[PDB]
Each structure stands twice: as C-alpha cells, then as structure tokens.
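> Okay, handing you the structure first.
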Number of protein chains: 2
Amino acid sequence: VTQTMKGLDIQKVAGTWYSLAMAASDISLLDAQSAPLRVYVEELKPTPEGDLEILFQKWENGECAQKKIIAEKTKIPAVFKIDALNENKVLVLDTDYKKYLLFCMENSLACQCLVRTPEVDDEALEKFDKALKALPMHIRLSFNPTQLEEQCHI
Amino acid sequence: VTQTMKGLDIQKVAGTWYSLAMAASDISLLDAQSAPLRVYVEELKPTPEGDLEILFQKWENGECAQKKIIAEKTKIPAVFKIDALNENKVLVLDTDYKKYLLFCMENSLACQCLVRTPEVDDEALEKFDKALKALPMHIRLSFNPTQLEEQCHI
Ligand SMILES: CCCCNc1ccc(C(=O)OCCN(C)C)cc1
Ligand SMILES: CCCCNc1ccc(C(=O)OCCN(C)C)cc1
C-alpha cells in the first residue's frame with residue numbers, strides 16, 4: 001500500500017466511527033462472523049505521545065467481545081505498528097476528519113471505510129472503491145444503517 | 001433487476017464456464033463455504049425446447065457436491081424460472097457468448113460474472129461492477145486462477 005494521507009493530524013481522528021465497509025486480499029480474512037479481520041471499530045483515542053488506541057468489537061466464541069488495541073507511531077505520521085508474532089502495519093490512506101477515514105492493516109491485507117454516523121456515505125464508498133482499485137482484494141462487505149447501530153453489526 | 005440481454009441466443013451459452021465473481025444483497029447468502037448461494041457453475045446445457053439445465057458444485061455437509069438444476073424458459077428469452085417453495089427467477093444481464101456472461105438469481109438477490117477460461121478478465125469484472133452499481137449488494141467475492149481450477153474453488 002502506497003496511499004497515505006499527506007499531512008495527517010492524528011489528534012483530529014479522535015472519537016466515534018462506524019465500519020461502513022471492509023475488504024481483504026483473502027476471503028477467509030472476512031468470510032465468517034468469527035473470521036480474524038472481521039473487526040468493528042468503536043472509537044479512536046490518540047495518546048499525547050501520538051500513539052493510537054483502538055476500541056473495537058470482535059465476534060469470539062459465539063458472542064460479541066469488547067476489545068482494545070494500541071497502535072504505536074512511526075517516523076511516518078500516517079503509519080502505525082501493532083506488535084504480535086508478525087510485524088503488522090496500520091496505514092491511514094485518507095480522511096476529512098469530520099465524515100470518513102480509510103485505512104488498511106497489512107503484514108496479507110484488510111482495509112475499511114470508517115464514517116462518523118450510521119449513514120451510507122456514497123461519496124466515502126466511491127473514494128474507498130477508488131483506493132481498492134489498485135489492491136488485490138477478493139472479498140468486500142458493506143453494512144446498512146440498522147446493522148451499524150448493533151453490536152458486531154448483527 | 002432491469003438489465004436483460006436484448007436478443008439473447010440461449011443455444012450460444014452452451015458449454016464450460018467459471019464463476020469468476022459473485023455478489024448478493026445479504027452477507028449470509030455468500031459468507032460461508034456452505035452459504036446457500038455459494039454455487040460454482042460448471043456447464044450450461046440449453047434443451048432443444050429452450051430450457052437451460054445448469055451443472056454446478058455446492059459445498060454441502062463438509063464436502064463439494066455435484067449438482068444439476070434445470071431453469072424453465074418464459075415468454076422473455078433472457079428470463080428463466082426455477083420451481084421451489086418460492087418463485088425464483090434467473091435473468092441473463094449480458095453476454096458476448098465467447099468470453100463472459102453476467103446473470104442474477106432473484107426471489108433476495110445474488111449475481112455472478114461467468115467466464116469461459118480460468119483467467120481474471122478485468123474487462124468482464126468492469127461490466128459486472130457497472131451492472132451491480134444499481135443493485136443493493138452487501139457482499140462481493142472474486143477468485144484467482146488457481147482456485148478456479150479446483151472443486152468448490154478451494
Ligand atoms: C485508523 C486506524 C484503525 C485501526 N484499527 C484496527 C487495527 C487493528 C485491529 C485488530 O484487531 O488487530 C488485529 C491483530 N493484529 C495482530 C493483526 C483492529 C482495529
Ligand atoms: C446463466 C444461468 C445461470 C444459472 N445458474 C444457477 C442458478 C441457480 C442455481 C441454484 O443453486 O439454485 C438455487 C436454488 N433455488 C431454489 C434458489 C445455481 C446456478
């Protein structure tokens with residue numbers, strides 16, 4: 001991935017978001033309620049040091065678990081690191097802070113269209129599909145306003 | 001769905017096809033290996049009477065089953081009926097006979113991009129995405145050339 005947000009201000013992504021849409025390189029990354037990159041974002045909390053804590057839900061062991069991860073900053077403002085068995089990158093592609101944010105997680109790849117409200121944002125989906133045009137995605141999911149107001153988008 | 005192939009010649013769709021891509025109105029229609037509209041097309045056999053027998057595979061009870069369905073003609077050449085508990089329609093959106101065919105099954109909705117060979121047809125995917133632009137799809141899957149040569153696209 002070689003789309004990053006030039007000039008990103010990480011403090012301005014703070015707050016409420018909805019996972020409107022998701023996509024991944026491999027079907028198995030999103031196909032089941034319990035698939036590993038089926039993660040629903042709740043809230044971003046930038047630290048004063050400029051790390052980004054992520055609140056999200058994950059369907060786990062037949063139910064909707066509350067989860068909390070922190071992505072550590074790098075020399076590149078639009079690029080964060082999650083420590084695990086593998087070195088995994090979080091990239092911010094594009095945001096306008098007040099309506100949408102596009103990002104990817106990569107080691108292979110999953111991306112999302114975040115929005116501030118439980119509404120279908122045709123414009124934000126256009127920009128998302130445009131950004132995926134380049135990437136080798138084999139599954140795409142989108143959610144309706146009813147699902148967006150439910151735990152794990154049921 | 002109000003995209004049908006004007007002038008369709010049902011005899012000319014006979015033969016080998018690959019389910020390159022699928023999409024559906026509802027995630028649950030395609031999400032699992034065993035989801036009900038995860039059906040992989042093998043072969044179309046038009047009858048002399050102008051019905052269309054469909055050979056396909058379905059992941060069933062932990063394995064890849066061989067299946068055979070016949071879709072009955074209507075007064076509209078691009079529209080067929082499958083008899084079940086519900087009245088279910090098969091619509092041919094568009095074909096060039098020698099490379100691609102787009103169709104939908106509807107009662108709510110699932111569509112596919114068929115191709116004659118195990119190759120990624122960028123052009124045929126463009127026409128497919130164009131045809132879905134209108135429809136309310138919430139899941140899309142595509143398959144690579146390796147998967148296309150395997151039973152149930154493993
Ligand atoms: C704009 C930044 C959004 C980042 N959001 C998320 C990033 C990662 C995860 C997440 O669940 O991490 C997956 C685990 N690692 C080891 C692959 C969940 C949400
Ligand atoms: C160009 C025509 C292609 C039609 N292909 C297919 C049509 C239907 C099916 C199929 O599996 O039918 C689903 C069962 N009914 C009752 C909803 C599988 C393949």
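If you're wondering about the labels, chains in the structure tokens are A, B, ... by order shown, residues count from 1 in each chain, ligands from 1 in order shown.
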Using only C-alpha atoms and all ligand atoms, determine which residues fall within 10 Å of ligand 2, then list them as a VMD selection string.

chain B and resid 10 13 to 14 17 19 36 to 46 52 to 58 67 to 71 78 to 95 101 to 114

> Just need the residues of chain B within 12 Å of chain A, counting only C-alpha atoms, so spit them out as a PDB file with N, CA and C atoms, in the first residue's frame.


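Below is the file that was written, result-v2.pdb:
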ATOM      1  N   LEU B  20     -16.110 -16.570 -11.931  1.00  0.00           N
ATOM      2  CA  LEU B  20     -15.016 -15.633 -11.580  1.00  0.00           C
ATOM      3  C   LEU B  20     -15.379 -14.810 -10.330  1.00  0.00           C
ATOM      4  N   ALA B  21     -16.588 -14.237 -10.298  1.00  0.00           N
ATOM      5  CA  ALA B  21     -17.052 -13.350  -9.195  1.00  0.00           C
ATOM      6  C   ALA B  21     -18.526 -13.594  -8.893  1.00  0.00           C
ATOM      7  N   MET B  22     -18.891 -13.344  -7.637  1.00  0.00           N
ATOM      8  CA  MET B  22     -20.283 -13.427  -7.128  1.00  0.00           C
ATOM      9  C   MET B  22     -20.586 -12.217  -6.246  1.00  0.00           C
ATOM     10  N   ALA B  23     -21.855 -11.829  -6.186  1.00  0.00           N
ATOM     11  CA  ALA B  23     -22.342 -10.821  -5.216  1.00  0.00           C
ATOM     12  C   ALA B  23     -23.782 -11.084  -4.841  1.00  0.00           C
ATOM     13  N   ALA B  24     -24.189 -10.549  -3.697  1.00  0.00           N
ATOM     14  CA  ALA B  24     -25.503 -10.798  -3.084  1.00  0.00           C
ATOM     15  C   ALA B  24     -25.929  -9.597  -2.237  1.00  0.00           C
ATOM     16  N   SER B  25     -27.232  -9.468  -2.100  1.00  0.00           N
ATOM     17  CA  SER B  25     -27.945  -8.403  -1.356  1.00  0.00           C
ATOM     18  C   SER B  25     -27.620  -8.516   0.142  1.00  0.00           C
ATOM     19  N   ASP B  26     -27.321  -9.733   0.618  1.00  0.00           N
ATOM     20  CA  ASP B  26     -27.204 -10.100   2.051  1.00  0.00           C
ATOM     21  C   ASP B  26     -25.955 -10.971   2.234  1.00  0.00           C
ATOM     22  N   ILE B  27     -25.128 -10.653   3.235  1.00  0.00           N
ATOM     23  CA  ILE B  27     -23.792 -11.268   3.514  1.00  0.00           C
ATOM     24  C   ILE B  27     -23.961 -12.789   3.664  1.00  0.00           C
ATOM     25  N   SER B  28     -25.014 -13.189   4.378  1.00  0.00           N
ATOM     26  CA  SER B  28     -25.317 -14.577   4.781  1.00  0.00           C
ATOM     27  C   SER B  28     -25.577 -15.436   3.546  1.00  0.00           C
ATOM     28  N   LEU B  29     -25.859 -14.826   2.386  1.00  0.00           N
ATOM     29  CA  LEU B  29     -26.121 -15.599   1.138  1.00  0.00           C
ATOM     30  C   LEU B  29     -24.789 -16.112   0.542  1.00  0.00           C
ATOM     31  N   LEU B  30     -23.632 -15.527   0.879  1.00  0.00           N
ATOM     32  CA  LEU B  30     -22.335 -15.922   0.263  1.00  0.00           C
ATOM     33  C   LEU B  30     -21.251 -16.141   1.314  1.00  0.00           C
ATOM     34  N   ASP B  31     -21.462 -15.805   2.599  1.00  0.00           N
ATOM     35  CA  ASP B  31     -20.337 -15.626   3.564  1.00  0.00           C
ATOM     36  C   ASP B  31     -19.595 -16.949   3.831  1.00  0.00           C
ATOM     37  N   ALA B  32     -20.261 -18.075   3.998  1.00  0.00           N
ATOM     38  CA  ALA B  32     -19.592 -19.362   4.329  1.00  0.00           C
ATOM     39  C   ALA B  32     -19.422 -20.229   3.083  1.00  0.00           C
ATOM     40  N   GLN B  33     -18.465 -21.164   3.138  1.00  0.00           N
ATOM     41  CA  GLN B  33     -18.270 -22.212   2.100  1.00  0.00           C
ATOM     42  C   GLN B  33     -19.624 -22.862   1.815  1.00  0.00           C
ATOM     43  N   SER B  34     -20.465 -23.005   2.846  1.00  0.00           N
ATOM     44  CA  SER B  34     -21.770 -23.714   2.800  1.00  0.00           C
ATOM     45  C   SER B  34     -22.967 -22.754   2.655  1.00  0.00           C
ATOM     46  N   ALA B  35     -22.761 -21.435   2.586  1.00  0.00           N
ATOM     47  CA  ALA B  35     -23.853 -20.439   2.417  1.00  0.00           C
ATOM     48  C   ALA B  35     -24.664 -20.814   1.185  1.00  0.00           C
ATOM     49  N   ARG B  38     -23.572 -19.642  -2.529  1.00  0.00           N
ATOM     50  CA  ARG B  38     -22.209 -20.054  -2.924  1.00  0.00           C
ATOM     51  C   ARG B  38     -22.356 -21.282  -3.834  1.00  0.00           C
ATOM     52  N   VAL B 120      -8.387 -14.031 -15.114  1.00  0.00           N
ATOM     53  CA  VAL B 120      -9.016 -12.852 -14.486  1.00  0.00           C
ATOM     54  C   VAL B 120      -9.320 -11.916 -15.639  1.00  0.00           C
ATOM     55  N   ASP B 122     -10.389  -8.546 -16.473  1.00  0.00           N
ATOM     56  CA  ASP B 122     -10.571  -7.163 -15.981  1.00  0.00           C
ATOM     57  C   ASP B 122     -11.790  -6.567 -16.685  1.00  0.00           C
ATOM     58  N   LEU B 125     -15.059  -8.076 -15.334  1.00  0.00           N
ATOM     59  CA  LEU B 125     -15.288  -7.511 -13.969  1.00  0.00           C
ATOM     60  C   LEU B 125     -15.783  -6.050 -14.058  1.00  0.00           C
ATOM     61  N   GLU B 126     -15.225  -5.219 -14.935  1.00  0.00           N
ATOM     62  CA  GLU B 126     -15.739  -3.828 -15.090  1.00  0.00           C
ATOM     63  C   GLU B 126     -17.244  -3.861 -15.362  1.00  0.00           C
ATOM     64  N   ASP B 129     -19.252  -4.962 -12.242  1.00  0.00           N
ATOM     65  CA  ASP B 129     -19.308  -3.882 -11.218  1.00  0.00           C
ATOM     66  C   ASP B 129     -20.250  -2.779 -11.690  1.00  0.00           C
ATOM     67  N   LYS B 133     -23.588  -1.602  -9.799  1.00  0.00           N
ATOM     68  CA  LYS B 133     -23.626  -0.181  -9.367  1.00  0.00           C
ATOM     69  C   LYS B 133     -25.063   0.118  -8.917  1.00  0.00           C
ATOM     70  N   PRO B 136     -28.519  -3.401  -4.785  1.00  0.00           N
ATOM     71  CA  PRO B 136     -28.165  -3.193  -3.379  1.00  0.00           C
ATOM     72  C   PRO B 136     -27.356  -4.369  -2.811  1.00  0.00           C
ATOM     73  N   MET B 137     -26.108  -4.511  -3.228  1.00  0.00           N
ATOM     74  CA  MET B 137     -25.257  -5.672  -2.892  1.00  0.00           C
ATOM     75  C   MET B 137     -24.545  -5.302  -1.604  1.00  0.00           C
ATOM     76  N   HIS B 138     -24.292  -6.245  -0.696  1.00  0.00           N
ATOM     77  CA  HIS B 138     -23.537  -6.019   0.563  1.00  0.00           C
ATOM     78  C   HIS B 138     -22.414  -7.041   0.715  1.00  0.00           C
ATOM     79  N   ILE B 139     -22.248  -7.970  -0.249  1.00  0.00           N
ATOM     80  CA  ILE B 139     -21.035  -8.836  -0.289  1.00  0.00           C
ATOM     81  C   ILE B 139     -20.640  -9.075  -1.746  1.00  0.00           C
ATOM     82  N   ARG B 140     -19.342  -9.067  -2.016  1.00  0.00           N
ATOM     83  CA  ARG B 140     -18.741  -9.390  -3.331  1.00  0.00           C
ATOM     84  C   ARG B 140     -17.534 -10.288  -3.084  1.00  0.00           C
ATOM     85  N   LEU B 141     -17.420 -11.381  -3.850  1.00  0.00           N
ATOM     86  CA  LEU B 141     -16.280 -12.340  -3.844  1.00  0.00           C
ATOM     87  C   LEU B 141     -15.727 -12.442  -5.271  1.00  0.00           C
ATOM     88  N   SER B 142     -14.418 -12.592  -5.375  1.00  0.00           N
ATOM     89  CA  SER B 142     -13.714 -12.946  -6.637  1.00  0.00           C
ATOM     90  C   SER B 142     -12.662 -14.014  -6.338  1.00  0.00           C
ATOM     91  N   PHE B 143     -12.263 -14.763  -7.364  1.00  0.00           N
ATOM     92  CA  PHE B 143     -11.432 -15.984  -7.229  1.00  0.00           C
ATOM     93  C   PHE B 143     -10.262 -15.867  -8.182  1.00  0.00           C
ATOM     94  N   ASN B 144      -9.149 -16.480  -7.785  1.00  0.00           N
ATOM     95  CA  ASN B 144      -7.892 -16.427  -8.567  1.00  0.00           C
ATOM     96  C   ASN B 144      -7.869 -17.636  -9.488  1.00  0.00           C
ATOM     97  N   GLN B 147      -7.580 -21.208  -7.673  1.00  0.00           N
ATOM     98  CA  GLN B 147      -8.896 -21.569  -7.103  1.00  0.00           C
ATOM     99  C   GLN B 147      -9.899 -21.978  -8.200  1.00  0.00           C
ATOM    100  N   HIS B 153     -13.733 -24.253  -5.551  1.00  0.00           N
ATOM    101  CA  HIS B 153     -12.793 -23.101  -5.614  1.00  0.00           C
ATOM    102  C   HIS B 153     -11.903 -23.057  -4.357  1.00  0.00           C
ATOM    103  N   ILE B 154     -11.478 -24.218  -3.839  1.00  0.00           N
ATOM    104  CA  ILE B 154     -10.621 -24.316  -2.615  1.00  0.00           C
ATOM    105  C   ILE B 154      -9.255 -23.691  -2.911  1.00  0.00           C
TER     106      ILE B 154
END

> Taking only C-alpha atoms into account, which of B:4, B:47, B:117, B:61 comes nearest residue 77 (chain B)?

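Once distances to residue 77 (chain B) are computed over only C-alpha atoms, the minimum belongs to B:4.
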
> If I take CA of residue 12 (chain B) and CA of residue 151 (chain B), how far is one from the other in Å, to one decimal?

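Here the two named atoms are 25.2 Å from each other.
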
> Could you pull out the strand (DSSP E or B) residues of region 12-149 of chain A, going by DSSP on the backbone, and write them as a PyMOL selection string?

chain A and resi 15-16+18-24+40-46+52-60+63-73+79-83+87-95+100-106+109-115+139-142

> Rounded to one decimal place, report the CA of residue 11 (chain B)-CA of residue 72 (chain B) distance in Å.

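Taking CA of residue 11 (chain B) as the start and CA of residue 72 (chain B) as the end point, the length is 13.9 Å.
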
> Taking the DSSP secondary structure from the backbone, can you list the residues of region 70-132 of chain B that are helix (DSSP H, G or I), as a ChimeraX atom specification?

/B:122-132

> Would you save the residues from that selection as an mmCIF file, in the first residue's frame, using N, CA, C and O atoms?


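Output (out37.cif):
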data_model
loop_
_atom_site.group_PDB
_atom_site.id
_atom_site.type_symbol
_atom_site.label_atom_id
_atom_site.label_comp_id
_atom_site.auth_asym_id
_atom_site.auth_seq_id
_atom_site.Cartn_x
_atom_site.Cartn_y
_atom_site.Cartn_z
ATOM 1 N N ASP B 122 -10.389 -8.546 -16.473
ATOM 2 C CA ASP B 122 -10.571 -7.163 -15.981
ATOM 3 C C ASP B 122 -11.790 -6.567 -16.685
ATOM 4 O O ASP B 122 -12.681 -6.074 -16.003
ATOM 5 N N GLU B 123 -11.857 -6.665 -18.005
ATOM 6 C CA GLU B 123 -12.991 -6.110 -18.775
ATOM 7 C C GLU B 123 -14.307 -6.702 -18.228
ATOM 8 O O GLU B 123 -15.222 -5.915 -17.914
ATOM 9 N N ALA B 124 -14.434 -8.025 -18.111
ATOM 10 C CA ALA B 124 -15.700 -8.652 -17.672
ATOM 11 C C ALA B 124 -16.046 -8.219 -16.223
ATOM 12 O O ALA B 124 -17.241 -7.974 -15.929
ATOM 13 N N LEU B 125 -15.059 -8.076 -15.334
ATOM 14 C CA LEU B 125 -15.288 -7.511 -13.969
ATOM 15 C C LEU B 125 -15.783 -6.050 -14.058
ATOM 16 O O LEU B 125 -16.743 -5.683 -13.347
ATOM 17 N N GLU B 126 -15.225 -5.219 -14.935
ATOM 18 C CA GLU B 126 -15.739 -3.828 -15.090
ATOM 19 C C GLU B 126 -17.244 -3.861 -15.362
ATOM 20 O O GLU B 126 -17.986 -3.214 -14.630
ATOM 21 N N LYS B 127 -17.658 -4.595 -16.402
ATOM 22 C CA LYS B 127 -19.080 -4.706 -16.819
ATOM 23 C C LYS B 127 -19.937 -5.234 -15.664
ATOM 24 O O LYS B 127 -21.052 -4.791 -15.551
ATOM 25 N N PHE B 128 -19.439 -6.201 -14.889
ATOM 26 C CA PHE B 128 -20.117 -6.768 -13.695
ATOM 27 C C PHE B 128 -20.324 -5.664 -12.642
ATOM 28 O O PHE B 128 -21.473 -5.469 -12.202
ATOM 29 N N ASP B 129 -19.252 -4.962 -12.242
ATOM 30 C CA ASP B 129 -19.308 -3.882 -11.218
ATOM 31 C C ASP B 129 -20.250 -2.779 -11.690
ATOM 32 O O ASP B 129 -21.085 -2.319 -10.862
ATOM 33 N N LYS B 130 -20.163 -2.416 -12.972
ATOM 34 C CA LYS B 130 -21.101 -1.465 -13.626
ATOM 35 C C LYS B 130 -22.538 -1.938 -13.402
ATOM 36 O O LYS B 130 -23.322 -1.138 -12.879
ATOM 37 N N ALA B 131 -22.859 -3.200 -13.713
ATOM 38 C CA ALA B 131 -24.226 -3.761 -13.567
ATOM 39 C C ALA B 131 -24.674 -3.809 -12.092
ATOM 40 O O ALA B 131 -25.861 -3.688 -11.839
ATOM 41 N N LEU B 132 -23.756 -4.015 -11.142
ATOM 42 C CA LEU B 132 -24.080 -4.016 -9.680
ATOM 43 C C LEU B 132 -24.218 -2.576 -9.149
ATOM 44 O O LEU B 132 -24.859 -2.409 -8.108
#
